[PDB]
Amino acid sequence: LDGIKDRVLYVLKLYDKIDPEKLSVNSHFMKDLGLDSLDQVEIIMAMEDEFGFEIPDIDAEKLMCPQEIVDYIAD
Amino acid sequence: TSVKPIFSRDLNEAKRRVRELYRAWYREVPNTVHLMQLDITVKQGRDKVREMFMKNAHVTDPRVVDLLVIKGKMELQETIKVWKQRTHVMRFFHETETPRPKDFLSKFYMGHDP
Amino acid sequence: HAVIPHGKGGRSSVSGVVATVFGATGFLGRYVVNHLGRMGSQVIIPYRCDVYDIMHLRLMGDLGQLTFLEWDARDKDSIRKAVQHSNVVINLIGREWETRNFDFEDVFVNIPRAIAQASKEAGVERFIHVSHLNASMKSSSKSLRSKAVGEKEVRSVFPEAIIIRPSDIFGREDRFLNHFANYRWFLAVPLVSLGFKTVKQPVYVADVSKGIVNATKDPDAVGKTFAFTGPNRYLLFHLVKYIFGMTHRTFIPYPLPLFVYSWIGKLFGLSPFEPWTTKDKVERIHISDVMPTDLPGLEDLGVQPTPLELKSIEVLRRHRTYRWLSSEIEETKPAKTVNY
Amino acid sequence: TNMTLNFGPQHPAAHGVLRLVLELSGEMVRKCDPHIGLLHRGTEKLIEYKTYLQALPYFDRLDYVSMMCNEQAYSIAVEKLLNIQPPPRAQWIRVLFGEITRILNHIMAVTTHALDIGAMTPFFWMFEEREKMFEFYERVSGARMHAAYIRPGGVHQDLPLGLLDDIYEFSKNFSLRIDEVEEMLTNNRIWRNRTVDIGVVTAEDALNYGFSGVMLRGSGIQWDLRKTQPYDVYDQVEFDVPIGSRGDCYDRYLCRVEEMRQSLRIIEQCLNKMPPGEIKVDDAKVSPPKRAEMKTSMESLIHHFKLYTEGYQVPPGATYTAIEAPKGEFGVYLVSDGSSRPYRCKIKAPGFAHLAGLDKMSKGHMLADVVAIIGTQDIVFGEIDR
Amino acid sequence: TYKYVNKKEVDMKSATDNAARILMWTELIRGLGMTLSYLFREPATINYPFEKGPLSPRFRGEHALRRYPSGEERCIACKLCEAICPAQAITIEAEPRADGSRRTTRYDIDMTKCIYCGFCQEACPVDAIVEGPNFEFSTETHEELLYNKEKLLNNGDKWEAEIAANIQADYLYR
Amino acid sequence: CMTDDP
Amino acid sequence: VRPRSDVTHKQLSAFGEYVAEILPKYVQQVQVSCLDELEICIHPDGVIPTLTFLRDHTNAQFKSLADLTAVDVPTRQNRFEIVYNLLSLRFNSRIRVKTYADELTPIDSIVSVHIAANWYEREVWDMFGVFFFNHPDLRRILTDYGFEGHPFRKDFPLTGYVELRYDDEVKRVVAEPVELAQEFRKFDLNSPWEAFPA
Amino acid sequence: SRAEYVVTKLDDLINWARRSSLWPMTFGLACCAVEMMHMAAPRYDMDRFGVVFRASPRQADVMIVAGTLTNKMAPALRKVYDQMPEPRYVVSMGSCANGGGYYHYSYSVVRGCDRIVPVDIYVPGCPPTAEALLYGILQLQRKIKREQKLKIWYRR
Ligand SMILES: NC(=O)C1=CN([C@@H]2O[C@H](COP(=O)(O)OP(=O)(O)OC[C@H]3O[C@@H](n4cnc5c(N)ncnc54)[C@H](OP(=O)(O)O)[C@@H]3O)[C@@H](O)[C@H]2O)C=CC1
Ligand code: SF4
Ligand code: SF4
């Protein structure tokens, strides 16, 4: 259950245009990181490759929280 | 005002479609750079995709956004199926053309009409 | 005497540089005519190769931009008429194999002198002479030394004549990169000192070309001896392996005394048809790249050098196999940089 | 991709330039998506920037196998807009060279069809006859093909003094030349096989996909715009449309050989009954003045100067006029403002519709079948690409 | 009036006839006879350099600018040859010659642009620009194909005798 | 054969 | 003078009313012009309905689509004027139904009514930019694969903005902004004197 | 015996072989193709001169570009030019391919094939007469005859 967060944290910092040590689970891609709308899209996609599950077009819109992403991936 | 809608009733719904296309292109960039043996970097190409998707970031009207992705989707279908060849893809990168400076002094020094 | 530059900057536009370029057919040359033609400059390309071979140059020049003249190095008159109406003369005459009827002196010092000599008589505004990098009048390779001899002479025939001095060049159709990659035929790839202590700094051909062209259109360069070098140096070991890496062909660096190897170069040199390796080439290959302390070339003349790894994929692709032909540089590992 | 394989632009089998991106399960074609525009050149936009008489040469190039018949369509169209009609002799001429041109197209279509199939001797046999016909063009227009002879108000210059006689000697013999091809292909034990029951098109489907040509006539639909809606003096002649049954590559072929035969019947008449008269309208307003007149009469110079420099000045309107070009219905929709240069000129190409049908014709067919069907549509990429 | 191109008992005579057609390839042999027949016909080809395919007077061929017998070039720069050229090929700029007469300083027919329509032949009032008979002017370089006034005037002088004969034959028709 | 006169 | 047959002018006019009554809803103007051709003008929404009635009506069978085109009147608010020309092998006549479409207000597709239109509709999108809903596969037909801009629009430069040449440096064909060596000479041809309309 | 003589003679032979047998790969873009099929046809037999009726992009010595080289076909032309042997040649045919022709100012037409493939002989005429192509093919034969590849090798 945390293992998901372990992976999710690994994916966010690897792209390197985000989380320069400011990575936080409560941190929101759009709300505080400032990462672009599109960049988020890239992120969700990224998570999909490591998880091995492709999340739908819409639910990407609701999760801007890594922690919430782990919430959904566990489901 | 009072304009009949094309595919979405509002910018919101329209933006949904743009997201999908971005994803599409994002997932495709790598394949093209390999099926066309293009001499570019997937990362590099993926930035280009971003460039284009934002070159038209200013559009506020829903109808204009819908036709833009209508055009966009046909673009990737020709990009895929390798209908466009290496020469039609690389054109996006404007590799051969010499970049023009936008500095006034620069233009003054070169062209009569800037 | 001049041509006001009108146009937007592309083909079918005018830049006002009428330039004789005697050795255009060359690997470097091809590129020099490309930019000069792109810019819209008037280019006179003297040629002694057959017309069929000179055809590749026709298309990059716009209608009437390129004029081809029949010319013989031994015949002084041919050089005379070529520079009659040019205001810029660029000399790229060079070879690696001393040919039966042309010695390193001729290709590097003798001929390139007569040329600039006439150019002055003509009244050409500027002459650009190209000589190999690290060229001591005492360097081991007859080639390099002879080239050094020339850069001196031509000064006296043509004062304030720019002398760009490029390193071995990296580009498609180049030797530096293809030669090593073609060692595939050889089961083992000899490397003097096992490819060590001969750090080398390649430079993309275009960078060199653009640089050269920029010289033609800049007053800052007079008597300047620029040195286009590169964006990163390399011990010959990584270079060799890297090449083999992109070519996706095995690597067996094998130590072989340069003494014995100079002999292998002699062997190929013996061959009548364009010896593939040259006793001098061998030496040059091992001659370690000199560090930079001279008039800056690239960047200084306006072009930022381009790393080797970036375009290597295009130069070495032809050497791959059926499947290896589909691999790209970023999944591949880029070799380490040794400045030493 | 089911081994998607571009038929390729460079292919002797593909007329001109055709990329047929085809997905073939082994030697069976699952889907044909023809690509077009390899010869788009702008013919429709270029015409808007040119005057009526300087846009006439574009029509010869639209489908140049049928060089003149195409001109007649623009001619007719420009004549309708001006409500002017050509003089009687010019009409017969246009039908004379209209038909000669049909033969020229069919000799191309039948013989080029065979070359792709693999029969090569029919092409050389009939290209010699073609050659002889070209010479008619040259001695009438000046150009072997791309004449510019049929202009918007009649033809340009009367026939040379002696052409009719030679368009007779030739016609008197050409038949045997068609007969020969026949003894070589109509009943070949092998032509039939590769052609029979290949690309059958129903009657209802042919009308639906807008085939409008032999392709319709081959399916048994009786429609020849030359009999249904007579243009020029094709009304005064008597010919039999060659309708077909069991429409398939072989049947339509037989139809094209039969119109070669029927056109000789129409040519004969035209030679037998062409009237004495003028070959261009007498309205200096539309037709350029004779050179003796422009060099001796002021009103004629003024009319020569204005006509060549500015133009007809067609009255504002729009018309769709269709003839029966050898390929099929060739029509020009020419919208026109009062200006001397047109506003729009969509060329309907019998061929844009026919290619589209390639998909619905070549289904569950082998690679060789596709080659046979492109032949039975007489696709000239100039008309399709325009 | 319509006609059925292909619109259509079993007797031993009939069948035996049909079976022989399939078994011994009778119709195939018929086709071979036709080609053997021509093998014996005289070939229609011409020695191209030695014998030339016939072209009658109206053949458009290669552009030339004529001159009056006296020696005064016919063109008076009205420039409607430029106006009616469909391809924009002819470029004409003029100025009054010292004589006071009107002549073209530059007359450039771009032959690669020209599509040999022959309207220029038609349009000229003095008939200075004519479609000359020569069709063999293939050139090694693209620049040679672009033609200025001096090449066309020189072309006119070389072919004037035949051009005059050709115009002589066809002027009544025009 | 433009003119049948030599 | 052309050989007008009034017999036609009348019969086609009469059909024009017939259609106008049968479909009061979409027909805006019907007119049998001189040259004896009938043109029924329909609101863009009537594309499907008016065609279908003509394709499948016993008293007006218009089976084949001769052509689908779009004149572009830049002045007109609705820029394009989609024109559909239809033939009737049963009544040997032709009618043209023309609608109006602006750049971003798409028209319905008639591929259903006539499959001939599958290609012409792609042709209209490529050249003029009108979009056709419910089209099976709308994609550029005539223009190059990477072409940007719709060419037959009156606002598109003839020469265009891009041209192609082979560049050795890159050993591949490469677009460059168009640079022409003799610009299209734009002769002004309109005469300042009109012709008194008959 | 002077090798120089020995060389010239040898070169000539080489030139005679290439110049006698030129196997043309023709494109037939557009119509000027119809005027080449006429050359192949009986009045003006191309074969008699050693020109084969047609060959594939490989076995072809000369490419005759007949017809407009539109922007979409421009990448292909090159490919096929690039897929031919080391001794290769291009005979541009037609005003539509020498320059741009009637369609020079169009947005979809390359203004000449010599902007995409180096061109050796330019045959002029909208439908360049078949005799004219034949003249053009014959001038390519005189161009090859003059080529002196081995003498330059010897003198290099
Ligand atoms: N990487 C490199 O190649 C480097 C090159 N340089 C210098 O830059 C110059 C250009 O290099 P590059 O283009 O590779 O050299 P090339 O080997 O390509 O030869 C350059 C040109 O010189 C001509 N040439 C050679 N010998 C003679 C002669 N005897 N008479 C007349 N012309 C002759 C050749 O024409 P043809 O073959 O038709 O006779 C050729 O086109 C050379 O002079 C070289 O010294 C310096 C550093 C590195
Ligand atoms: S028309 Fe005849 S005369 Fe007038 S300019 Fe053109 S050529 Fe000279
Ligand atoms: S040149 Fe004249 S003939 Fe040859 S293609 Fe272009 S138009 Fe057709």
# chains A, B, ... in the order shown; residues from 1 in each chain; ligands from 1
$ select_by_dssp --residues "chain E" --states "strand (DSSP E)" --output "list in words"
residues 2, 3, 4, 62, 63, 64, 65, 90, 91, 92, 93, 94, 95, 96, 102, 103, 104, 105, 106, 107, 108, 109, 110, 129, 130, 131, 132, 146 and 147 of chain E
$ closest_atom_pairs --of "chain B" --to "chain A" --cutoff "10 Å" --atoms "only C-alpha atoms" --output "Markdown table"
| residue | atom | partner | partner_atom | distance |
| --- | --- | --- | --- | --- |
| B:16 | CA | A:57 | CA | 7.8 |
| B:17 | CA | A:57 | CA | 9.1 |
| B:18 | CA | A:38 | CA | 9.4 |
| B:19 | CA | A:41 | CA | 7.3 |
| B:20 | CA | A:57 | CA | 6.7 |
| B:22 | CA | A:38 | CA | 7.8 |
| B:23 | CA | A:41 | CA | 7.3 |
| B:26 | CA | A:42 | CA | 7.8 |
| B:27 | CA | A:45 | CA | 8.8 |
| B:50 | CA | A:38 | CA | 8.0 |
| B:53 | CA | A:38 | CA | 9.0 |
| B:54 | CA | A:38 | CA | 9.3 |
$ write_last_selection --atoms "N, CA and C atoms" --output "PDB file, in the first residue's frame"
ATOM      1  N   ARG B  16     -10.894  18.643 -23.113  1.00  0.00           N
ATOM      2  CA  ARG B  16     -10.777  17.225 -22.882  1.00  0.00           C
ATOM      3  C   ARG B  16     -10.175  16.597 -24.091  1.00  0.00           C
ATOM      4  N   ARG B  17     -10.634  17.011 -25.253  1.00  0.00           N
ATOM      5  CA  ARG B  17     -10.162  16.389 -26.465  1.00  0.00           C
ATOM      6  C   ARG B  17      -8.699  16.696 -26.708  1.00  0.00           C
ATOM      7  N   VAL B  18      -8.277  17.898 -26.365  1.00  0.00           N
ATOM      8  CA  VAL B  18      -6.894  18.271 -26.563  1.00  0.00           C
ATOM      9  C   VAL B  18      -6.020  17.389 -25.722  1.00  0.00           C
ATOM     10  N   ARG B  19      -6.482  17.069 -24.528  1.00  0.00           N
ATOM     11  CA  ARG B  19      -5.702  16.237 -23.647  1.00  0.00           C
ATOM     12  C   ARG B  19      -5.482  14.916 -24.331  1.00  0.00           C
ATOM     13  N   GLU B  20      -6.538  14.358 -24.900  1.00  0.00           N
ATOM     14  CA  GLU B  20      -6.422  13.064 -25.540  1.00  0.00           C
ATOM     15  C   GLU B  20      -5.405  13.111 -26.663  1.00  0.00           C
ATOM     16  N   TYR B  22      -2.938  15.104 -27.052  1.00  0.00           N
ATOM     17  CA  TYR B  22      -1.592  15.295 -26.583  1.00  0.00           C
ATOM     18  C   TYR B  22      -1.077  13.946 -26.242  1.00  0.00           C
ATOM     19  N   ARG B  23      -1.879  13.191 -25.519  1.00  0.00           N
ATOM     20  CA  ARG B  23      -1.446  11.886 -25.104  1.00  0.00           C
ATOM     21  C   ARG B  23      -1.097  11.103 -26.328  1.00  0.00           C
ATOM     22  N   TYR B  26       2.099  12.111 -27.683  1.00  0.00           N
ATOM     23  CA  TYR B  26       3.167  11.836 -26.752  1.00  0.00           C
ATOM     24  C   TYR B  26       3.544  10.382 -26.864  1.00  0.00           C
ATOM     25  N   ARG B  27       2.548   9.524 -26.957  1.00  0.00           N
ATOM     26  CA  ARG B  27       2.811   8.105 -27.045  1.00  0.00           C
ATOM     27  C   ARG B  27       3.377   7.743 -28.389  1.00  0.00           C
ATOM     28  N   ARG B  50       4.846  19.605 -27.664  1.00  0.00           N
ATOM     29  CA  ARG B  50       4.376  20.582 -26.709  1.00  0.00           C
ATOM     30  C   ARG B  50       4.354  21.941 -27.352  1.00  0.00           C
ATOM     31  N   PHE B  53       1.322  22.247 -29.468  1.00  0.00           N
ATOM     32  CA  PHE B  53       0.066  22.231 -28.740  1.00  0.00           C
ATOM     33  C   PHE B  53      -0.155  23.526 -28.000  1.00  0.00           C
ATOM     34  N   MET B  54       0.896  24.324 -27.851  1.00  0.00           N
ATOM     35  CA  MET B  54       0.778  25.586 -27.128  1.00  0.00           C
ATOM     36  C   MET B  54       0.826  26.755 -28.077  1.00  0.00           C
TER      37      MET B  54
END
$ residues_around --residues "residue H:45" --least-positions-apart "6" --cutoff "10 Å" --atoms "only C-alpha atoms" --output "number ranges by chain"
D: 124; E: 44-48; H: 37-39, 51-53, 134
$ interface_residues --of "chain E" --to "chain F" --cutoff "10 Å" --atoms "only C-alpha atoms" --output "number ranges by chain"
E: 52-59, 133, 162, 165-166, 169
$ residues_near_ligand --ligand "ligand 2" --cutoff "6 Å" --atoms "only C-alpha atoms and all ligand atoms" --output "PyMOL selection string"
chain E and resi 75-81+124-129
$ residues_around --residues "residue D:135" --least-positions-apart "6" --cutoff "12 Å" --atoms "only C-alpha atoms" --output "VMD selection string"
(chain D and resid 100 104 128 to 129 141 to 145 147 163 166 to 167 170) or (chain E and resid 53 to 56 58 to 59) or (chain H and resid 43 129)
$ write_last_selection --atoms "N, CA, C and O atoms" --output "PDB file, in the first residue's frame"
ATOM      1  N   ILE D 100     -12.050  11.733 -83.486  1.00  0.00           N
ATOM      2  CA  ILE D 100     -10.695  11.295 -83.681  1.00  0.00           C
ATOM      3  C   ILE D 100     -10.073  11.181 -82.320  1.00  0.00           C
ATOM      4  O   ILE D 100      -9.336  10.250 -82.054  1.00  0.00           O
ATOM      5  N   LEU D 104      -8.233   8.066 -80.213  1.00  0.00           N
ATOM      6  CA  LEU D 104      -6.919   8.204 -79.602  1.00  0.00           C
ATOM      7  C   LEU D 104      -6.922   7.771 -78.164  1.00  0.00           C
ATOM      8  O   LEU D 104      -5.963   7.185 -77.694  1.00  0.00           O
ATOM      9  N   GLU D 128       1.246   3.178 -83.763  1.00  0.00           N
ATOM     10  CA  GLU D 128       1.575   3.666 -85.131  1.00  0.00           C
ATOM     11  C   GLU D 128       0.349   4.387 -85.702  1.00  0.00           C
ATOM     12  O   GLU D 128       0.525   5.458 -86.314  1.00  0.00           O
ATOM     13  N   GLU D 129      -0.847   3.826 -85.498  1.00  0.00           N
ATOM     14  CA  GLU D 129      -2.094   4.489 -85.963  1.00  0.00           C
ATOM     15  C   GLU D 129      -2.263   5.794 -85.183  1.00  0.00           C
ATOM     16  O   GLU D 129      -2.644   6.808 -85.795  1.00  0.00           O
ATOM     17  N   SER D 141      -3.579  22.000 -85.944  1.00  0.00           N
ATOM     18  CA  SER D 141      -3.327  22.970 -84.888  1.00  0.00           C
ATOM     19  C   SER D 141      -1.929  23.481 -84.921  1.00  0.00           C
ATOM     20  O   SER D 141      -1.706  24.673 -84.835  1.00  0.00           O
ATOM     21  N   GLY D 142      -0.976  22.583 -85.029  1.00  0.00           N
ATOM     22  CA  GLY D 142       0.411  22.974 -85.030  1.00  0.00           C
ATOM     23  C   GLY D 142       1.121  22.134 -84.015  1.00  0.00           C
ATOM     24  O   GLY D 142       2.320  21.934 -84.093  1.00  0.00           O
ATOM     25  N   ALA D 143       0.370  21.622 -83.058  1.00  0.00           N
ATOM     26  CA  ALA D 143       0.958  20.779 -82.052  1.00  0.00           C
ATOM     27  C   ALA D 143       0.452  19.380 -82.182  1.00  0.00           C
ATOM     28  O   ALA D 143      -0.700  19.164 -82.510  1.00  0.00           O
ATOM     29  N   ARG D 144       1.305  18.426 -81.920  1.00  0.00           N
ATOM     30  CA  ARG D 144       0.960  16.994 -82.048  1.00  0.00           C
ATOM     31  C   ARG D 144      -0.129  16.732 -81.023  1.00  0.00           C
ATOM     32  O   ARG D 144      -1.150  16.158 -81.381  1.00  0.00           O
ATOM     33  N   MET D 145       0.089  17.157 -79.793  1.00  0.00           N
ATOM     34  CA  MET D 145      -0.969  17.059 -78.767  1.00  0.00           C
ATOM     35  C   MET D 145      -0.901  18.403 -78.055  1.00  0.00           C
ATOM     36  O   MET D 145       0.080  19.104 -78.308  1.00  0.00           O
ATOM     37  N   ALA D 147      -2.986  20.881 -78.670  1.00  0.00           N
ATOM     38  CA  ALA D 147      -3.277  21.800 -79.794  1.00  0.00           C
ATOM     39  C   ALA D 147      -3.753  23.211 -79.438  1.00  0.00           C
ATOM     40  O   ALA D 147      -3.147  24.140 -80.002  1.00  0.00           O
ATOM     41  N   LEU D 163      -6.707  18.124 -95.507  1.00  0.00           N
ATOM     42  CA  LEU D 163      -6.748  17.232 -94.362  1.00  0.00           C
ATOM     43  C   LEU D 163      -7.873  16.256 -94.489  1.00  0.00           C
ATOM     44  O   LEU D 163      -7.690  15.066 -94.278  1.00  0.00           O
ATOM     45  N   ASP D 166      -7.143  13.003 -96.037  1.00  0.00           N
ATOM     46  CA  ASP D 166      -6.297  12.073 -95.310  1.00  0.00           C
ATOM     47  C   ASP D 166      -7.005  11.505 -94.100  1.00  0.00           C
ATOM     48  O   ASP D 166      -6.780  10.364 -93.736  1.00  0.00           O
ATOM     49  N   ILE D 167      -7.881  12.273 -93.476  1.00  0.00           N
ATOM     50  CA  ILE D 167      -8.646  11.727 -92.374  1.00  0.00           C
ATOM     51  C   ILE D 167      -9.595  10.729 -92.973  1.00  0.00           C
ATOM     52  O   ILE D 167     -10.369  10.104 -92.265  1.00  0.00           O
ATOM     53  N   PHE D 170      -7.030   7.266 -93.703  1.00  0.00           N
ATOM     54  CA  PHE D 170      -6.806   6.624 -92.423  1.00  0.00           C
ATOM     55  C   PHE D 170      -8.054   5.916 -91.967  1.00  0.00           C
ATOM     56  O   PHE D 170      -8.015   4.737 -91.658  1.00  0.00           O
TER      57      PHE D 170
ATOM     58  N   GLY E  53      10.549  13.004 -89.125  1.00  0.00           N
ATOM     59  CA  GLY E  53       9.084  12.819 -89.102  1.00  0.00           C
ATOM     60  C   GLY E  53       8.491  14.105 -89.629  1.00  0.00           C
ATOM     61  O   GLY E  53       8.931  15.179 -89.196  1.00  0.00           O
ATOM     62  N   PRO E  54       7.505  14.053 -90.542  1.00  0.00           N
ATOM     63  CA  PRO E  54       6.996  15.270 -91.171  1.00  0.00           C
ATOM     64  C   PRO E  54       6.236  16.255 -90.279  1.00  0.00           C
ATOM     65  O   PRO E  54       5.342  15.830 -89.585  1.00  0.00           O
ATOM     66  N   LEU E  55       6.586  17.541 -90.360  1.00  0.00           N
ATOM     67  CA  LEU E  55       5.881  18.596 -89.587  1.00  0.00           C
ATOM     68  C   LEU E  55       5.411  19.591 -90.653  1.00  0.00           C
ATOM     69  O   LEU E  55       6.240  19.972 -91.475  1.00  0.00           O
ATOM     70  N   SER E  56       4.134  19.980 -90.651  1.00  0.00           N
ATOM     71  CA  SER E  56       3.576  20.931 -91.654  1.00  0.00           C
ATOM     72  C   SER E  56       3.819  22.367 -91.198  1.00  0.00           C
ATOM     73  O   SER E  56       4.305  22.528 -90.069  1.00  0.00           O
ATOM     74  N   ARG E  58       2.316  24.931 -89.686  1.00  0.00           N
ATOM     75  CA  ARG E  58       1.836  25.555 -88.425  1.00  0.00           C
ATOM     76  C   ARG E  58       2.615  25.027 -87.212  1.00  0.00           C
ATOM     77  O   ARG E  58       2.330  25.515 -86.109  1.00  0.00           O
ATOM     78  N   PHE E  59       3.570  24.110 -87.397  1.00  0.00           N
ATOM     79  CA  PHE E  59       4.246  23.488 -86.225  1.00  0.00           C
ATOM     80  C   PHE E  59       4.856  24.652 -85.461  1.00  0.00           C
ATOM     81  O   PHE E  59       5.568  25.462 -86.066  1.00  0.00           O
TER      82      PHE E  59
ATOM     83  N   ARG H  43       7.131   4.603 -85.066  1.00  0.00           N
ATOM     84  CA  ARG H  43       7.670   5.572 -86.024  1.00  0.00           C
ATOM     85  C   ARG H  43       9.048   5.901 -85.564  1.00  0.00           C
ATOM     86  O   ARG H  43       9.996   5.789 -86.323  1.00  0.00           O
ATOM     87  N   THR H 129       8.420  17.340 -78.589  1.00  0.00           N
ATOM     88  CA  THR H 129       8.135  16.384 -79.647  1.00  0.00           C
ATOM     89  C   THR H 129       8.958  15.127 -79.429  1.00  0.00           C
ATOM     90  O   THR H 129      10.055  15.201 -78.895  1.00  0.00           O
TER      91      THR H 129
END
$ residues_around --residues "stretch 1-3 of chain E" --least-positions-apart "3" --cutoff "8 Å" --atoms "only C-alpha atoms" --output "PDB file with N, CA, C and O atoms, in the first residue's frame"
ATOM      1  N   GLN D 222     -28.089   2.600 -69.939  1.00  0.00           N
ATOM      2  CA  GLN D 222     -27.957   3.255 -71.216  1.00  0.00           C
ATOM      3  C   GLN D 222     -27.846   4.753 -71.044  1.00  0.00           C
ATOM      4  O   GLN D 222     -28.853   5.446 -70.967  1.00  0.00           O
ATOM      5  N   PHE D 239     -25.162   7.258 -84.559  1.00  0.00           N
ATOM      6  CA  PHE D 239     -24.188   6.260 -84.059  1.00  0.00           C
ATOM      7  C   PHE D 239     -24.955   5.387 -83.071  1.00  0.00           C
ATOM      8  O   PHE D 239     -26.062   5.779 -82.685  1.00  0.00           O
ATOM      9  N   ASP D 240     -24.404   4.229 -82.711  1.00  0.00           N
ATOM     10  CA  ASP D 240     -25.062   3.317 -81.746  1.00  0.00           C
ATOM     11  C   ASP D 240     -24.221   3.268 -80.472  1.00  0.00           C
ATOM     12  O   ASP D 240     -23.057   2.881 -80.577  1.00  0.00           O
ATOM     13  N   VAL D 241     -24.789   3.609 -79.318  1.00  0.00           N
ATOM     14  CA  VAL D 241     -24.033   3.499 -78.044  1.00  0.00           C
ATOM     15  C   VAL D 241     -23.752   2.015 -77.843  1.00  0.00           C
ATOM     16  O   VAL D 241     -24.689   1.237 -77.996  1.00  0.00           O
ATOM     17  N   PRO D 242     -22.523   1.587 -77.494  1.00  0.00           N
ATOM     18  CA  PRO D 242     -22.279   0.185 -77.235  1.00  0.00           C
ATOM     19  C   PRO D 242     -22.553  -0.233 -75.790  1.00  0.00           C
ATOM     20  O   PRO D 242     -21.624  -0.268 -75.031  1.00  0.00           O
ATOM     21  N   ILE D 243     -23.808  -0.531 -75.452  1.00  0.00           N
ATOM     22  CA  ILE D 243     -24.183  -0.926 -74.097  1.00  0.00           C
ATOM     23  C   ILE D 243     -23.672  -2.308 -73.803  1.00  0.00           C
ATOM     24  O   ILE D 243     -23.437  -3.086 -74.719  1.00  0.00           O
ATOM     25  N   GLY D 244     -23.493  -2.631 -72.533  1.00  0.00           N
ATOM     26  CA  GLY D 244     -22.906  -3.942 -72.210  1.00  0.00           C
ATOM     27  C   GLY D 244     -23.717  -4.701 -71.181  1.00  0.00           C
ATOM     28  O   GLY D 244     -24.492  -4.066 -70.468  1.00  0.00           O
TER      29      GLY D 244
END
$ residues_near_ligand --ligand "ligand 1" --cutoff "6 Å" --atoms "only C-alpha atoms and all ligand atoms" --output "PyMOL selection string"
chain C and resi 23-29+48-49+73+92-95+102+107+130-132+166-169
$ residues_around --residues "residue C:125" --least-positions-apart "3" --cutoff "10 Å" --atoms "only C-alpha atoms" --output "short mmCIF file (atom, residue, chain, number, x, y, z; two decimals) with N, CA and C atoms, in the first residue's frame"
data_model
loop_
_atom_site.label_atom_id
_atom_site.label_comp_id
_atom_site.auth_asym_id
_atom_site.auth_seq_id
_atom_site.Cartn_x
_atom_site.Cartn_y
_atom_site.Cartn_z
N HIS C 1 34.19 47.81 -56.10
CA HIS C 1 33.72 46.50 -56.54
C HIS C 1 32.97 45.81 -55.41
N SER C 86 36.66 36.92 -59.42
CA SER C 86 36.29 36.65 -58.00
C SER C 86 36.87 37.71 -57.06
N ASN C 87 36.19 38.00 -55.95
CA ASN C 87 36.76 38.92 -54.94
C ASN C 87 37.16 38.19 -53.62
N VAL C 88 36.75 36.93 -53.53
CA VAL C 88 37.11 36.06 -52.37
C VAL C 88 37.70 34.78 -52.96
N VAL C 89 38.87 34.34 -52.50
CA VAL C 89 39.41 33.04 -52.97
C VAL C 89 39.53 32.12 -51.75
N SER C 119 45.72 35.34 -57.08
CA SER C 119 44.60 36.05 -56.49
C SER C 119 44.98 37.49 -56.20
N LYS C 120 46.17 37.71 -55.66
CA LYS C 120 46.61 39.07 -55.42
C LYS C 120 46.67 39.83 -56.74
N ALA C 122 45.16 39.52 -59.18
CA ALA C 122 43.75 39.81 -59.56
C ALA C 122 43.22 40.97 -58.73
N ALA C 161 46.22 37.08 -45.15
CA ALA C 161 45.36 36.09 -45.83
C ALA C 161 44.94 35.23 -44.64
N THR C 216 34.40 34.72 -44.79
CA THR C 216 34.30 35.47 -46.03
C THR C 216 33.52 36.75 -45.83
#
$ closest_residue --among "E:134, E:91, E:148, E:26" --to "chain D" --atoms "only C-alpha atoms"
E:26
$ residues_near_ligand --ligand "ligand 3" --cutoff "7 Å" --atoms "only C-alpha atoms and all ligand atoms" --output "ChimeraX atom specification"
/D:61 /E:115 /H:30-32,66-68,93-97,101-102,125-128
